[PDB]
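my_file.csv follows (CSV, C-alpha atoms and all ligand atoms):
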chain,number,residue,atom,x,y,z
A,1,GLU,CA,114.2,89.2,99.5
A,2,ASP,CA,110.9,87.3,99.5
A,3,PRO,CA,109.7,86.7,95.9
A,4,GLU,CA,106.2,87.8,96.8
A,5,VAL,CA,107.7,91.1,97.8
A,6,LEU,CA,110.0,91.7,94.7
A,7,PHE,CA,106.8,90.8,92.7
A,8,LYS,CA,105.3,93.9,94.2
A,9,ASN,CA,108.2,96.4,94.3
A,10,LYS,CA,109.8,95.9,90.9
A,11,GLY,CA,106.3,96.4,89.3
A,12,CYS,CA,105.8,92.8,88.2
A,13,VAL,CA,102.4,92.9,89.9
A,14,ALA,CA,101.3,95.6,87.4
A,15,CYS,CA,101.5,93.1,84.6
A,16,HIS,CA,101.3,89.5,85.8
A,17,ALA,CA,98.9,87.4,87.9
A,18,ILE,CA,99.3,84.0,89.3
A,19,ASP,CA,96.2,82.4,87.8
A,20,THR,CA,95.4,81.9,84.2
A,21,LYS,CA,92.6,83.9,82.4
A,22,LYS,CA,89.2,82.3,82.3
A,23,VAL,CA,87.6,81.2,79.1
A,24,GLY,CA,85.0,84.0,78.9
A,25,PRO,CA,85.4,87.8,78.7
A,26,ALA,CA,86.0,89.8,81.8
A,27,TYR,CA,83.0,91.5,83.1
A,28,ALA,CA,84.7,94.9,82.9
A,29,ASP,CA,85.3,94.2,79.2
A,30,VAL,CA,81.6,93.4,78.7
A,31,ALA,CA,80.7,96.6,80.4
A,32,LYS,CA,83.0,98.5,78.1
A,33,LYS,CA,81.6,96.9,74.9
A,34,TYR,CA,78.0,97.6,75.7
A,35,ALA,CA,78.2,100.9,77.5
A,36,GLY,CA,75.5,103.5,76.6
A,37,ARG,CA,73.5,101.0,74.4
A,38,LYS,CA,69.7,101.2,75.1
A,39,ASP,CA,68.9,97.6,74.8
A,40,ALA,CA,72.1,96.1,76.3
A,41,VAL,CA,70.5,94.8,79.5
A,42,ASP,CA,67.9,92.8,77.6
A,43,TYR,CA,70.5,91.6,75.1
A,44,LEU,CA,72.8,90.4,77.9
A,45,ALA,CA,70.1,88.8,80.0
A,46,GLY,CA,69.1,86.7,77.1
A,47,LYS,CA,72.7,85.6,76.4
A,48,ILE,CA,73.3,84.9,80.1
A,49,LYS,CA,70.4,82.5,80.3
A,50,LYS,CA,70.4,80.9,76.9
A,51,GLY,CA,74.1,81.0,76.1
A,52,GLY,CA,75.6,81.5,72.6
A,53,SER,CA,78.9,81.9,70.8
A,54,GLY,CA,80.7,84.1,68.2
A,55,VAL,CA,80.8,87.5,69.8
A,56,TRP,CA,84.1,87.0,71.7
A,57,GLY,CA,85.6,83.9,70.1
A,58,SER,CA,84.6,80.6,68.7
A,59,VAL,CA,84.0,79.1,72.2
A,60,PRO,CA,80.3,78.6,72.9
A,61,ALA,CA,78.8,79.7,76.2
A,62,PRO,CA,76.4,77.2,77.7
A,63,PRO,CA,72.9,78.0,78.8
A,64,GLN,CA,72.7,78.8,82.6
A,65,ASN,CA,70.1,77.9,85.3
A,66,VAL,CA,68.9,81.3,86.1
A,67,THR,CA,65.4,82.8,86.1
A,68,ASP,CA,64.9,85.6,83.6
A,69,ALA,CA,64.9,88.0,86.6
A,70,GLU,CA,68.3,86.7,87.8
A,71,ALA,CA,69.7,87.0,84.2
A,72,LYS,CA,68.6,90.7,84.2
A,73,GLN,CA,70.1,91.4,87.7
A,74,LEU,CA,73.4,89.9,86.5
A,75,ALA,CA,73.3,91.9,83.3
A,76,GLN,CA,72.8,95.1,85.1
A,77,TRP,CA,75.6,94.3,87.6
A,78,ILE,CA,78.0,93.3,84.8
A,79,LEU,CA,77.3,96.6,82.9
A,80,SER,CA,78.0,98.5,86.2
A,81,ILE,CA,81.6,97.5,86.4
A,82,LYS,CA,84.1,100.3,85.7
B,1,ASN,CA,76.0,90.8,92.2
B,2,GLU,CA,79.2,88.9,92.8
B,3,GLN,CA,77.7,86.5,95.3
B,4,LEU,CA,74.9,85.6,92.9
B,5,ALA,CA,77.4,85.2,90.1
B,6,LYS,CA,79.6,82.9,92.3
B,7,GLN,CA,76.5,81.0,93.3
B,8,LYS,CA,75.4,80.3,89.8
B,9,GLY,CA,78.8,79.0,88.5
B,10,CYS,CA,79.6,82.1,86.5
B,11,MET,CA,83.0,82.7,88.0
B,12,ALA,CA,84.3,79.3,86.7
B,13,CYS,CA,84.5,81.1,83.3
B,14,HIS,CA,84.6,84.8,84.1
B,15,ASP,CA,86.6,87.3,86.1
B,16,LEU,CA,85.7,90.8,87.0
B,17,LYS,CA,88.8,92.5,85.6
B,18,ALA,CA,90.5,92.2,82.2
B,19,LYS,CA,93.5,89.9,81.7
B,20,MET,CA,96.8,91.5,82.7
B,21,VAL,CA,99.1,92.4,79.9
B,22,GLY,CA,101.6,89.5,80.6
B,23,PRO,CA,101.2,85.8,81.0
B,24,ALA,CA,100.0,84.2,84.2
B,25,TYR,CA,102.8,82.7,86.3
B,26,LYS,CA,101.1,79.3,86.5
B,27,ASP,CA,101.2,79.2,82.7
B,28,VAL,CA,104.9,80.2,82.6
B,29,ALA,CA,105.7,77.5,85.2
B,30,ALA,CA,103.8,74.8,83.4
B,31,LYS,CA,105.4,75.6,80.0
B,32,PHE,CA,108.9,75.2,81.6
B,33,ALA,CA,108.3,72.3,84.0
B,34,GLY,CA,111.1,69.8,83.7
B,35,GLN,CA,113.0,71.9,81.1
B,36,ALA,CA,116.7,72.1,81.5
B,37,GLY,CA,118.0,75.7,81.6
B,38,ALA,CA,114.6,77.2,82.4
B,39,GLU,CA,115.7,79.2,85.5
B,40,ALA,CA,118.7,80.7,83.6
B,41,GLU,CA,116.5,81.4,80.6
B,42,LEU,CA,113.8,83.2,82.6
B,43,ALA,CA,116.3,85.1,84.7
B,44,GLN,CA,117.7,86.5,81.4
B,45,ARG,CA,114.3,87.4,80.1
B,46,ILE,CA,113.2,89.0,83.3
B,47,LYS,CA,116.4,91.1,83.3
B,48,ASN,CA,116.5,91.8,79.6
B,49,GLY,CA,113.0,91.6,78.1
B,50,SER,CA,110.9,89.3,76.0
B,51,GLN,CA,108.6,89.4,72.9
B,52,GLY,CA,106.8,87.0,70.8
B,53,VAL,CA,106.3,84.1,73.2
B,54,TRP,CA,102.9,84.9,74.7
B,55,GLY,CA,101.6,87.8,72.5
B,56,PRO,CA,102.4,90.9,70.5
B,57,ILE,CA,103.2,93.1,73.4
B,58,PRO,CA,106.9,93.1,74.6
B,59,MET,CA,108.0,92.9,78.2
B,60,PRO,CA,110.7,95.6,78.7
B,61,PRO,CA,113.8,95.0,80.6
B,62,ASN,CA,113.5,95.1,84.4
B,63,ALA,CA,116.4,96.6,86.6
B,64,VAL,CA,117.2,93.6,88.7
B,65,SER,CA,120.5,91.9,89.6
B,66,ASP,CA,121.3,88.4,88.4
B,67,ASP,CA,120.3,87.5,92.1
B,68,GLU,CA,116.9,89.2,92.0
B,69,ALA,CA,116.3,87.8,88.5
B,70,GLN,CA,117.2,84.3,89.6
B,71,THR,CA,115.0,84.6,92.8
B,72,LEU,CA,112.0,85.8,90.8
B,73,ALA,CA,112.7,83.1,88.1
B,74,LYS,CA,112.7,80.3,90.7
B,75,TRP,CA,109.5,81.6,92.3
B,76,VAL,CA,107.7,81.9,89.0
B,77,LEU,CA,108.7,78.4,88.0
B,78,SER,CA,107.3,77.1,91.3
B,79,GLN,CA,103.8,78.4,90.7
B,80,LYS,CA,101.4,75.5,90.5
C,101,LIG,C1,76.6,82.8,85.1
C,101,LIG,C2,75.1,82.7,85.1
C,101,LIG,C3,77.2,83.5,83.9
C,101,LIG,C4,77.0,84.8,83.5
C,101,LIG,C5,76.4,85.9,84.4
C,101,LIG,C6,77.8,85.1,82.3
C,101,LIG,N1,78.3,83.9,81.9
C,101,LIG,FE1,79.5,83.6,80.3
C,101,LIG,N2,80.6,83.3,78.7
C,101,LIG,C7,81.4,82.2,78.4
C,101,LIG,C8,81.9,82.3,77.1
C,101,LIG,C9,82.9,81.3,76.4
C,101,LIG,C10,81.5,83.6,76.5
C,101,LIG,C11,81.8,84.2,75.1
C,101,LIG,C12,80.6,83.9,74.2
C,101,LIG,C13,80.7,84.6,72.8
C,101,LIG,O1,81.8,84.6,72.3
C,101,LIG,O2,79.8,85.1,72.3
C,101,LIG,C14,80.6,84.2,77.6
C,101,LIG,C15,80.0,85.4,77.4
C,101,LIG,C16,79.4,86.0,78.4
C,101,LIG,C17,78.8,87.3,78.4
C,101,LIG,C18,79.0,88.3,77.1
C,101,LIG,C19,78.0,87.8,76.0
C,101,LIG,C20,78.0,88.7,74.8
C,101,LIG,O3,77.2,88.3,73.9
C,101,LIG,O4,78.6,89.8,74.9
C,101,LIG,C21,78.2,87.6,79.5
C,101,LIG,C22,77.5,88.8,80.0
C,101,LIG,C23,78.4,86.4,80.4
C,101,LIG,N3,79.0,85.4,79.6
C,101,LIG,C24,77.9,86.3,81.6
C,101,LIG,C25,81.6,81.1,79.2
C,101,LIG,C26,80.8,80.8,80.3
C,101,LIG,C27,80.9,79.7,81.1
C,101,LIG,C28,81.8,78.5,80.7
C,101,LIG,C29,81.6,77.1,81.1
C,101,LIG,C30,80.0,79.8,82.2
C,101,LIG,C31,79.7,78.8,83.3
C,101,LIG,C32,79.4,81.1,82.1
C,101,LIG,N4,80.0,81.8,81.0
C,101,LIG,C33,78.5,81.7,82.9
C,101,LIG,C34,78.0,82.9,82.9
C,102,LIG,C1,109.1,92.0,87.5
C,102,LIG,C2,110.6,91.9,87.5
C,102,LIG,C3,108.6,91.0,86.4
C,102,LIG,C4,108.9,89.7,86.3
C,102,LIG,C5,109.5,88.8,87.4
C,102,LIG,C6,108.3,89.2,85.1
C,102,LIG,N1,107.7,90.2,84.5
C,102,LIG,FE1,106.9,90.1,82.6
C,102,LIG,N2,106.0,90.0,80.8
C,102,LIG,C7,105.2,91.0,80.3
C,102,LIG,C8,104.7,90.6,79.0
C,102,LIG,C9,103.8,91.4,78.0
C,102,LIG,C10,105.3,89.3,78.7
C,102,LIG,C11,105.1,88.5,77.4
C,102,LIG,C12,106.3,88.8,76.5
C,102,LIG,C13,106.2,87.9,75.3
C,102,LIG,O1,105.1,87.6,74.8
C,102,LIG,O2,107.3,87.3,74.9
C,102,LIG,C14,106.1,89.0,79.9
C,102,LIG,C15,106.7,87.8,80.0
C,102,LIG,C16,107.2,87.4,81.3
C,102,LIG,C17,107.8,86.1,81.6
C,102,LIG,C18,107.9,84.9,80.6
C,102,LIG,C19,109.0,85.1,79.5
C,102,LIG,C20,109.3,83.9,78.7
C,102,LIG,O3,110.3,83.8,78.0
C,102,LIG,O4,108.3,83.1,78.5
C,102,LIG,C21,108.2,86.1,82.9
C,102,LIG,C22,108.9,85.0,83.7
C,102,LIG,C23,108.0,87.5,83.4
C,102,LIG,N3,107.4,88.2,82.4
C,102,LIG,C24,108.3,87.9,84.6
C,102,LIG,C25,104.9,92.2,80.9
C,102,LIG,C26,105.5,92.7,82.0
C,102,LIG,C27,105.4,94.1,82.5
C,102,LIG,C28,104.5,95.1,81.9
C,102,LIG,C29,104.9,96.6,81.8
C,102,LIG,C30,106.2,94.2,83.5
C,102,LIG,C31,106.4,95.3,84.5
C,102,LIG,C32,106.7,92.9,83.8
C,102,LIG,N4,106.3,92.0,82.8
C,102,LIG,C33,107.5,92.6,84.9
C,102,LIG,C34,108.0,91.4,85.2
Can you dump the structure from the file as structure tokens?
Amino acid sequence: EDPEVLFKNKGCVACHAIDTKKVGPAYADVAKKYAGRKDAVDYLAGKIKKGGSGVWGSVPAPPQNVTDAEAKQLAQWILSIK
Amino acid sequence: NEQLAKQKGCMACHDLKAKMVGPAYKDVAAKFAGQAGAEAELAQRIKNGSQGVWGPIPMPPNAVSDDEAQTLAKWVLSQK
């Protein structure tokens, strides 16, 4: 059999991907952490633009070249992911 | 949205979905590159299970023949 097929039909696909995880948290995990919190959009939009560390690990997030409006749009989108 | 996030470089450091429970195959292949006995070793671990290498969560045994296990082991080790 083709390996890409066995990967699928023995369930390996359920637990393994080809590519390594990226350094920052997944957006669905961010959405889960901040769900229902009144000020979450404003908090995240500031983090997205200015960066920071310590919440998810020791690795610092760099500032990003976004307007404050884009930072808010991205915040709202990330929180939306379920 | 996703396009804006791609555009601004965010996806270099972030995915949409949580990491899967087991290690990525490119990481398994890179760990074992040039290691004698790796295909055998992995075939065995795919068949019989593994814990403590990549995390606290065990991989349970999988019901594969020594052929299906070897096939998958070779393909994993070729992921680059
Ligand atoms: C492109 C503009 C983006 C957007 C939309 C986000 N990031 Fe990152 N990010 C990185 C790291 C290492 C972290 C963890 C920081 C910590 O431990 O505190 C983050 C974190 C986030 C969050 C969560 C922030 C929180 O306080 O909960 C969010 C919403 C997020 N990012 C969005 C790493 C990187 C990068 C590495 C070079 C890059 C590029 C980005 N992130 C870019 C963006
Ligand atoms: C379908 C037959 C597969 C195949 C081809 C592989 N897996 Fe898994 N796997 C899972 C977890 C949590 C781990 C880490 C265990 C630990 O930390 O020791 C692994 C590990 C692997 C390896 C690497 C083993 C090594 O010795 O380094 C390989 C090659 C591998 N797997 C392949 C989790 C799961 C699953 C979750 C329920 C399932 C299903 C699979 N794996 C299935 C398969």
Fill in: Of the listed residues B:11, B:33, B:77, B:24, that which approaches chain A most closely, counting all atoms listed in the file
B:24
Residues of chain B that have any atom at most 7 Å from an atom of chain A: could you tabulate them with the shortest-distance atom pair and the distance in Å to one decimal, using all atoms listed in the file, ordered by chain and increasing number, as CSV?
residue,atom,partner,partner_atom,distance
B:1,CA,A:77,CA,5.8
B:13,CA,A:22,CA,5.0
B:14,CA,A:24,CA,5.3
B:15,CA,A:26,CA,5.0
B:16,CA,A:27,CA,4.8
B:17,CA,A:26,CA,5.4
B:18,CA,A:26,CA,5.1
B:19,CA,A:21,CA,6.1
B:20,CA,A:15,CA,5.3
B:21,CA,A:15,CA,5.3
B:22,CA,A:16,CA,5.2
B:23,CA,A:16,CA,6.1
B:24,CA,A:17,CA,5.0
B:25,CA,A:18,CA,4.8
B:26,CA,A:18,CA,5.8
B:27,CA,A:20,CA,6.6
B:71,CA,A:3,CA,6.5
B:72,CA,A:3,CA,5.7
B:75,CA,A:3,CA,6.2
Item to complete: Between A:44, A:57, A:39, A:52, single out the one closest to residue 72 in chain A, counting all atoms listed in the file.
Response: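 Ranked by minimum distance to residue 72 in chain A, first place goes to A:44.
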Practice prompt. Up to 6 Å from (108.8, 95.6, 74.3) in the file's coordinates: name the residues, counting only C-alpha atoms, as an MDAnalysis selection string.
Written response: chainID B and resid 58:60
Practice prompt. Would you list the contacts of residue 74 in chain B as a PyMOL selection string, taking every protein, DNA or RNA residue within 7 Å and counting all atoms listed in the file, but skipping same-chain residues closer than 4 positions in sequence?
Written response: chain B and resi 39+70+78
Item to complete: Using CA of residue 49 in chain B and CA of residue 37 in chain B as the two end points, give the distance in Å to one decimal.
Response: 17.0 Å
Discussion item. Using Å and a single decimal, report how far CA of residue 32 in chain A sits from atom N3 of ligand LIG 102 (chain C).
Written reply: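 CA of residue 32 in chain A lies at a distance of 26.8 Å from atom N3 of ligand LIG 102 (chain C).
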Worksheet item: So which one's closest to ligand LIG 101 (chain C), A:9, A:59, A:35, A:46? Using all atoms listed in the file, please.
Response: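 Of A:9, A:59, A:35, A:46, the one nearest ligand LIG 101 (chain C), counting all atoms listed in the file, is A:59.
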